[PDB]
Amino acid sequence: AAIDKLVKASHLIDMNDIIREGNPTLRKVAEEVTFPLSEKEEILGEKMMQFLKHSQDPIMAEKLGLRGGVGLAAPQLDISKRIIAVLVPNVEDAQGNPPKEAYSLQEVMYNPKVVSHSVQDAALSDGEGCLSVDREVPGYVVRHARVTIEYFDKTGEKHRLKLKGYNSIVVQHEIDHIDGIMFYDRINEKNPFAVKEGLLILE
């Protein structure tokens, strides 16, 4: 099966492992994982994080033919399980100094969900791109500005976390994948760039 291919020690996830728009798995509601995790599920999480690291390294990205990513969901690998990985780098300052913290968010999350959120909505000014979508898709992807999430890590430890800004957008995008929701489902059907008063546009 798909998972057997992905969990092989020497196997590096690349674009050929990512399923594309139209594949029914992207529209399913992914199954909850049970704890303790299987070895396959633990390894898959690790491989997913590894993919994101590789995608963000200019040379490894070039070697493996990767588009940069800050998140990945298991359904995009044809694995209908509630497993996501998120990796959001902090940026250098104008002087070229590395940030205090390499990442603002770095986690492999099992059974993540939004448990509460702001009334305020937000959207990235630049829209959103999807590793499974090989089309130009313009528009504001309207999301919650702020979310409180729960998830479990690979050990089965439960976490509760409030997110805002870009990190909030990224986690919501990944949770959507495990619910069978695509970013363009949240773009206004008539005017992609419609702005409802109070929408927080993140630059």
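Residue numbers here begin at 1 and follow the sequence given.
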Mean C-alpha temperature factor, higher of 177 to 185 and 10 to 18: 10 to 18
Stretch with the higher entry mean CA B-factor, where the candidates are 137 to 145 and 57 to 65: 57 to 65
From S116, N97, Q106, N111, residue of greatest CA B-factor: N97
Residue of maximum C-alpha B factor among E92, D78, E128, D121, per deposited coordinates: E92
Chain-relative CA temperature factor third for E150: lowest
Third assignment of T34 from its chain's C-alpha B-factors: highest
